[PDB]
>>> print(open('structure.txt').read())   # compact mmCIF, C-alpha atoms and all ligand atoms
# COMPACT_ATOMS: atom_id res chain seq x y z
CA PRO A 200 0.00 0.00 0.00
CA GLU A 201 2.75 2.54 1.02
CA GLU A 202 5.10 -0.08 -0.52
CA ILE A 203 3.15 0.22 -3.86
CA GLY A 204 3.46 4.05 -3.56
CA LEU A 205 7.31 3.97 -3.23
CA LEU A 206 7.63 1.41 -6.11
CA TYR A 207 5.48 3.65 -8.42
CA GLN A 208 7.66 6.67 -7.41
CA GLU A 209 10.93 4.73 -8.18
CA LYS A 210 9.36 3.41 -11.51
CA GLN A 211 8.58 6.96 -12.72
CA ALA A 212 12.01 8.32 -11.60
CA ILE A 213 13.94 5.55 -13.52
CA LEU A 214 11.78 5.85 -16.74
CA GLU A 215 12.14 9.68 -16.68
CA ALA A 216 15.95 9.37 -16.05
CA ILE A 217 16.48 7.18 -19.22
CA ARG A 218 17.13 9.34 -22.35
CA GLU A 219 16.58 6.41 -24.80
CA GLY A 220 13.05 5.17 -25.61
CA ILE A 221 11.90 2.31 -23.36
CA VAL A 222 9.08 -0.17 -24.09
CA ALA A 223 8.55 -3.25 -21.82
CA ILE A 224 6.13 -6.13 -22.55
CA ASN A 225 4.83 -9.00 -20.38
CA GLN A 226 4.86 -12.69 -21.46
CA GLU A 227 1.73 -12.19 -23.62
CA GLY A 228 3.22 -9.25 -25.57
CA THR A 229 1.20 -6.49 -23.77
CA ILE A 230 3.06 -3.16 -23.23
CA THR A 231 3.37 -2.69 -19.41
CA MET A 232 5.91 0.14 -19.26
CA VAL A 233 6.85 3.00 -21.56
CA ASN A 234 8.80 6.27 -20.97
CA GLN A 235 8.21 9.75 -22.46
CA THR A 236 10.96 9.36 -25.20
CA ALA A 237 9.24 6.15 -26.50
CA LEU A 238 5.77 7.89 -26.54
CA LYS A 239 7.35 10.73 -28.63
CA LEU A 240 8.91 8.09 -30.98
CA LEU A 241 5.48 6.36 -31.35
CA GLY A 242 3.55 9.67 -31.84
CA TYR A 243 1.57 9.59 -28.51
CA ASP A 244 1.20 12.27 -25.77
CA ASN A 245 0.81 9.90 -22.77
CA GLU A 246 0.33 6.27 -21.55
CA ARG A 247 -3.47 6.13 -22.30
CA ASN A 248 -4.11 3.76 -25.27
CA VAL A 249 -0.38 2.66 -25.23
CA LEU A 250 -0.06 0.67 -21.96
CA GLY A 251 -2.27 -2.43 -22.17
CA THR A 252 -1.98 -2.73 -26.00
CA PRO A 253 -0.33 -5.67 -27.85
CA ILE A 254 3.17 -4.52 -28.93
CA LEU A 255 2.50 -5.61 -32.59
CA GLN A 256 -0.50 -3.15 -32.74
CA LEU A 257 1.83 -0.12 -32.29
CA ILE A 258 5.11 -1.73 -33.59
CA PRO A 259 4.20 -4.39 -36.22
CA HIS A 260 7.89 -5.26 -36.97
CA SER A 261 8.88 -5.50 -33.21
CA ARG A 262 11.10 -8.52 -32.34
CA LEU A 263 10.24 -8.22 -28.59
CA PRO A 264 7.89 -11.27 -28.86
CA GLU A 265 10.82 -13.33 -30.36
CA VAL A 266 12.88 -12.29 -27.21
CA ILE A 267 10.03 -13.77 -25.06
CA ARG A 268 9.84 -16.98 -27.18
CA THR A 269 13.67 -17.66 -27.28
CA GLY A 270 15.07 -15.91 -24.16
CA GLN A 271 17.74 -14.44 -26.53
CA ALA A 272 18.93 -10.80 -26.29
CA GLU A 273 19.39 -8.94 -29.66
CA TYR A 274 21.64 -5.83 -30.01
CA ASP A 275 22.27 -3.07 -32.65
CA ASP A 276 19.06 -3.78 -34.69
CA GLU A 277 18.26 -0.84 -37.03
CA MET A 278 14.58 -0.23 -37.53
CA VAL A 279 12.24 2.51 -38.73
CA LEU A 280 9.67 4.02 -36.30
CA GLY A 281 7.43 6.82 -37.75
CA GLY A 282 9.90 7.82 -40.54
CA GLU A 283 12.88 7.83 -38.04
CA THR A 284 15.70 5.22 -38.14
CA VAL A 285 16.46 4.06 -34.56
CA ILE A 286 18.74 1.40 -33.08
CA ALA A 287 17.01 -1.24 -30.89
CA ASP A 288 18.57 -3.30 -28.05
CA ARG A 289 16.16 -6.05 -26.82
CA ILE A 290 16.79 -8.03 -23.57
CA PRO A 291 14.71 -10.66 -21.74
CA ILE A 292 13.56 -10.01 -18.13
CA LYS A 293 13.71 -13.08 -15.80
CA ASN A 294 12.20 -13.69 -12.30
CA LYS A 295 14.40 -14.91 -9.35
CA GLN A 296 13.79 -18.57 -10.55
CA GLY A 297 15.14 -17.70 -14.10
CA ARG A 298 11.74 -17.78 -15.97
CA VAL A 299 11.44 -15.05 -18.73
CA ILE A 300 8.56 -12.79 -17.44
CA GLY A 301 8.98 -9.99 -20.02
CA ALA A 302 11.32 -8.14 -22.34
CA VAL A 303 12.52 -4.55 -22.82
CA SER A 304 13.42 -2.64 -25.98
CA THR A 305 15.77 0.38 -25.79
CA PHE A 306 15.61 2.71 -28.88
CA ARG A 307 18.35 5.34 -29.62
CA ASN A 308 18.64 7.83 -32.56
CA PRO B 200 18.34 -0.49 -18.96
CA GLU B 201 19.55 -3.42 -16.76
CA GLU B 202 17.94 -1.13 -14.07
CA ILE B 203 14.52 -1.50 -15.86
CA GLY B 204 14.95 -5.32 -15.82
CA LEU B 205 15.59 -5.28 -12.03
CA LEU B 206 12.73 -2.78 -11.42
CA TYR B 207 10.29 -4.94 -13.53
CA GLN B 208 11.31 -8.08 -11.50
CA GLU B 209 10.82 -6.22 -8.12
CA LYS B 210 7.42 -4.84 -9.32
CA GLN B 211 6.11 -8.27 -10.41
CA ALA B 212 7.36 -9.80 -7.06
CA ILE B 213 5.77 -7.03 -4.92
CA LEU B 214 2.42 -7.14 -6.90
CA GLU B 215 2.09 -10.97 -6.32
CA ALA B 216 3.34 -10.51 -2.66
CA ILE B 217 0.23 -8.30 -1.85
CA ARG B 218 -2.98 -10.32 -1.06
CA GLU B 219 -5.30 -7.25 -1.59
CA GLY B 220 -6.37 -6.05 -5.10
CA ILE B 221 -4.11 -3.15 -6.31
CA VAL B 222 -5.18 -0.55 -8.94
CA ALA B 223 -2.92 2.55 -9.58
CA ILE B 224 -3.68 5.60 -11.84
CA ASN B 225 -1.60 8.57 -12.99
CA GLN B 226 -2.88 12.18 -12.61
CA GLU B 227 -5.06 11.85 -15.81
CA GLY B 228 -6.95 8.82 -14.31
CA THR B 229 -5.28 6.24 -16.60
CA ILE B 230 -4.70 2.82 -15.02
CA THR B 231 -0.88 2.38 -14.82
CA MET B 232 -0.49 -0.59 -12.46
CA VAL B 233 -2.66 -3.56 -11.52
CA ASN B 234 -2.12 -6.98 -9.81
CA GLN B 235 -3.59 -10.51 -10.48
CA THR B 236 -6.12 -10.15 -7.63
CA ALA B 237 -7.53 -6.85 -8.99
CA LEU B 238 -7.64 -8.42 -12.54
CA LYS B 239 -9.58 -11.51 -11.26
CA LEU B 240 -11.90 -9.08 -9.37
CA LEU B 241 -12.41 -6.94 -12.57
CA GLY B 242 -13.04 -10.17 -14.59
CA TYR B 243 -9.89 -9.85 -16.78
CA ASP B 244 -7.24 -12.58 -17.46
CA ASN B 245 -4.27 -10.13 -18.06
CA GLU B 246 -3.25 -6.43 -18.13
CA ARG B 247 -4.42 -6.16 -21.80
CA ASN B 248 -7.14 -3.41 -22.05
CA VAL B 249 -6.84 -2.73 -18.26
CA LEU B 250 -3.50 -0.88 -18.23
CA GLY B 251 -3.88 2.31 -20.31
CA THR B 252 -7.71 2.61 -19.77
CA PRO B 253 -9.36 5.55 -17.93
CA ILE B 254 -10.35 4.22 -14.43
CA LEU B 255 -14.11 5.10 -14.61
CA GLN B 256 -14.53 2.90 -17.78
CA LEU B 257 -13.74 -0.19 -15.58
CA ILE B 258 -14.61 1.03 -12.01
CA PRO B 259 -17.51 3.50 -12.43
CA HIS B 260 -17.80 4.22 -8.61
CA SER B 261 -14.04 4.77 -8.14
CA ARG B 262 -13.01 7.74 -5.93
CA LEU B 263 -9.36 7.46 -7.17
CA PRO B 264 -9.90 10.63 -9.31
CA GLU B 265 -11.28 12.36 -6.13
CA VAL B 266 -7.91 11.54 -4.45
CA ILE B 267 -5.93 13.17 -7.36
CA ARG B 268 -7.96 16.46 -6.94
CA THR B 269 -8.00 16.65 -3.07
CA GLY B 270 -4.47 15.11 -2.55
CA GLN B 271 -6.20 13.34 0.42
CA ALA B 272 -6.35 9.61 1.40
CA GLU B 273 -9.88 8.02 1.74
CA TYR B 274 -10.52 4.81 3.82
CA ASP B 275 -13.20 2.20 4.51
CA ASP B 276 -15.31 2.49 1.25
CA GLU B 277 -17.45 -0.67 0.67
CA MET B 278 -17.65 -1.76 -2.96
CA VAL B 279 -19.30 -4.36 -5.18
CA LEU B 280 -17.00 -5.42 -8.09
CA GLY B 281 -16.86 -9.10 -9.27
CA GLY B 282 -20.23 -9.40 -7.59
CA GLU B 283 -17.67 -9.62 -4.66
CA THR B 284 -18.02 -7.10 -1.70
CA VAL B 285 -14.62 -5.40 -1.03
CA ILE B 286 -13.29 -2.51 1.09
CA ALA B 287 -11.29 0.17 -0.87
CA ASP B 288 -8.52 2.23 0.83
CA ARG B 289 -7.26 5.00 -1.56
CA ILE B 290 -3.98 7.00 -1.07
CA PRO B 291 -2.13 9.60 -3.19
CA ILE B 292 1.36 8.75 -4.56
CA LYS B 293 3.89 11.63 -4.36
CA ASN B 294 7.25 12.10 -6.18
CA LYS B 295 10.35 12.76 -3.93
CA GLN B 296 9.41 16.56 -3.91
CA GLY B 297 5.90 15.78 -2.52
CA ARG B 298 3.91 16.47 -5.73
CA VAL B 299 0.94 14.05 -6.36
CA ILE B 300 1.90 11.92 -9.48
CA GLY B 301 -0.86 9.28 -8.99
CA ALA B 302 -3.15 7.38 -6.59
CA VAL B 303 -3.59 3.67 -5.60
CA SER B 304 -6.64 1.67 -4.40
CA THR B 305 -6.24 -1.43 -2.21
CA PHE B 306 -9.30 -3.79 -2.32
CA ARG B 307 -9.75 -5.95 0.83
CA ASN B 308 -12.27 -8.88 0.87
CA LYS B 309 -15.24 -7.85 3.13
MG MG C 401 16.49 -4.16 -38.51
>>> encode(input="structure.txt", output="C-alpha cells")
Amino acid sequence: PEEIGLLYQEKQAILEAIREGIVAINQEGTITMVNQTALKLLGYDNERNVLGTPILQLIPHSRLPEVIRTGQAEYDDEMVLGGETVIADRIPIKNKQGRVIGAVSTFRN
Amino acid sequence: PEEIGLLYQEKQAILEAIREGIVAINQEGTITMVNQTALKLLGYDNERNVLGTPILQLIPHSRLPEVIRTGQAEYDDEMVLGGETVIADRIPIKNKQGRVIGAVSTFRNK
C-alpha cells in the first residue's frame, strides 16, 4: 500500500531518467511500461491507449515477442519508427527462478 | 536499462506478494499498475485493455480521481466489483518533492 506508492515513485524516476526510448512487454506481448521518449517516438502524448496494447499493434515489426519466445537478447538492430531510423537493443527479463517474465526494448537515434 | 529489468522483476514480485487487489492511476486517471487479484476481481485474465484505460470505464464508482484532486487519502469504502463485496482504501502517490503523481486503491475482501 505505502510499498506500492514507493515502487510507483521509483518506476517513474527511472523511466524519466532514461534518455533512450523504453518499451517493456509481459509474457503475452502487452506493453506494461513505456517512458516519455518512446511515446514521442510512437507519436503519442501519454500512456493512455499505449499501456495495455499488444506490442504488434503499435510496432508491427517489433522482435520483442521473439525475445520472449527464445530468451535471446538482440543488439544493434536498425529499424524505422514513424519515418525515423532508430537502433534497438532487446533483452529478456527473468524472475528470481530464471523464468522469462517480459522483455525490454531500448531505442536510440 | 539493466535497471529497468531489475525494477520490472521487483514490481512483479511485490504485486504478487500483496494479497489485496491493487489498482494505480496517474494524474489523468489512466490505469498504470494492476495486480492478479484486482484483474480476477475486474473479470480480466491479463493487463491487456486494463493498463492504459481511464479508471471510470472499468470502475464507475471509483473515488481514485477524487484523491488526485484533493491530494487526500480516503478509507473504509465498501464496494461491489466481481459481484464480490470489497473494502477500498485509496492514497495519493507523491514524487520525492511531494507532488501528487498518482493514486492507488487497495481492495480488501469484506
Ligand atoms: Mg532491422
>>> interface_residues(input="structure.txt", of="chain B", to="chain A", cutoff="9 Å", atoms="all atoms listed in the file", output="ChimeraX atom specification")
/B:200-214,217,221,223,227,229-232,245-253,288-295,300-305
>>> residues_near_ligand(input="structure.txt", ligand="ligand MG 401 (chain C)", cutoff="7 Å", atoms="all atoms listed in the file", output="ChimeraX atom specification")
/A:276-278
>>> atom_distance(input="structure.txt", atom1="CA of residue 233 in chain A", atom2="CA of residue 220 in chain A")
7.7 Å
>>> atom_distance(input="structure.txt", atom1="CA of residue 284 in chain B", atom2="CA of residue 244 in chain B")
19.9 Å
>>> atom_distance(input="structure.txt", atom1="CA of residue 263 in chain A", atom2="CA of residue 216 in chain B")
26.9 Å
>>> residues_around(input="structure.txt", residues="residue 277 in chain B", least_positions_apart="6", cutoff="9 Å", atoms="all atoms listed in the file", output="ChimeraX atom specification")
/B:284-287,309
>>> build_atoms(input="structure.txt", residues="range 248-272 of chain B", atoms="N, CA and C atoms", output="compact mmCIF listing (two decimals), keeping the file's coordinate frame")
# COMPACT_ATOMS: atom_id res chain seq x y z
N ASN B 248 -5.90 -4.23 -22.03
CA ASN B 248 -7.14 -3.41 -22.05
C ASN B 248 -7.50 -2.98 -20.62
N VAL B 249 -6.64 -3.25 -19.64
CA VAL B 249 -6.84 -2.73 -18.26
C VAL B 249 -5.83 -1.62 -18.04
N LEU B 250 -4.54 -1.93 -18.14
CA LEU B 250 -3.50 -0.88 -18.23
C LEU B 250 -3.87 0.04 -19.40
N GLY B 251 -3.74 1.34 -19.22
CA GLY B 251 -3.88 2.31 -20.31
C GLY B 251 -5.32 2.76 -20.52
N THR B 252 -6.25 2.32 -19.68
CA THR B 252 -7.71 2.61 -19.77
C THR B 252 -8.03 3.63 -18.69
N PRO B 253 -8.86 4.66 -18.97
CA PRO B 253 -9.36 5.55 -17.93
C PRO B 253 -10.17 4.79 -16.86
N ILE B 254 -9.85 5.02 -15.58
CA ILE B 254 -10.35 4.22 -14.43
C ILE B 254 -11.89 4.11 -14.46
N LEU B 255 -12.63 5.18 -14.74
CA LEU B 255 -14.11 5.10 -14.61
C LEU B 255 -14.73 4.24 -15.72
N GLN B 256 -13.97 3.81 -16.74
CA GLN B 256 -14.53 2.90 -17.78
C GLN B 256 -14.55 1.47 -17.24
N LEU B 257 -13.83 1.17 -16.16
CA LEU B 257 -13.74 -0.19 -15.58
C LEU B 257 -14.34 -0.21 -14.17
N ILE B 258 -14.14 0.88 -13.41
CA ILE B 258 -14.61 1.03 -12.01
C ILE B 258 -15.44 2.30 -11.92
N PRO B 259 -16.71 2.27 -12.35
CA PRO B 259 -17.51 3.50 -12.43
C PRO B 259 -17.61 4.29 -11.10
N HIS B 260 -17.59 3.61 -9.95
CA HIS B 260 -17.80 4.22 -8.61
C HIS B 260 -16.47 4.62 -7.98
N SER B 261 -15.38 4.52 -8.73
CA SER B 261 -14.04 4.77 -8.14
C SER B 261 -13.97 6.23 -7.66
N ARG B 262 -13.36 6.41 -6.50
CA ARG B 262 -13.01 7.74 -5.93
C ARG B 262 -11.51 7.98 -6.12
N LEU B 263 -10.80 7.18 -6.93
CA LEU B 263 -9.36 7.46 -7.17
C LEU B 263 -9.18 8.84 -7.79
N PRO B 264 -10.02 9.27 -8.76
CA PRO B 264 -9.90 10.63 -9.31
C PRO B 264 -10.12 11.72 -8.24
N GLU B 265 -11.08 11.51 -7.33
CA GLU B 265 -11.28 12.36 -6.13
C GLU B 265 -9.96 12.55 -5.38
N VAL B 266 -9.18 11.49 -5.22
CA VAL B 266 -7.91 11.54 -4.45
C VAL B 266 -6.88 12.39 -5.20
N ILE B 267 -6.87 12.36 -6.53
CA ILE B 267 -5.93 13.17 -7.36
C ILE B 267 -6.21 14.66 -7.09
N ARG B 268 -7.49 15.05 -7.12
CA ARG B 268 -7.96 16.46 -6.94
C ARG B 268 -7.57 16.94 -5.54
N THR B 269 -8.10 16.28 -4.51
CA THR B 269 -8.00 16.65 -3.07
C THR B 269 -6.59 16.39 -2.50
N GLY B 270 -5.77 15.54 -3.12
CA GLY B 270 -4.47 15.11 -2.55
C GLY B 270 -4.62 14.30 -1.26
N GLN B 271 -5.84 13.86 -0.93
CA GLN B 271 -6.20 13.34 0.42
C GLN B 271 -6.63 11.87 0.34
N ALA B 272 -6.01 11.04 1.18
CA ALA B 272 -6.35 9.61 1.40
C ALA B 272 -7.83 9.48 1.79
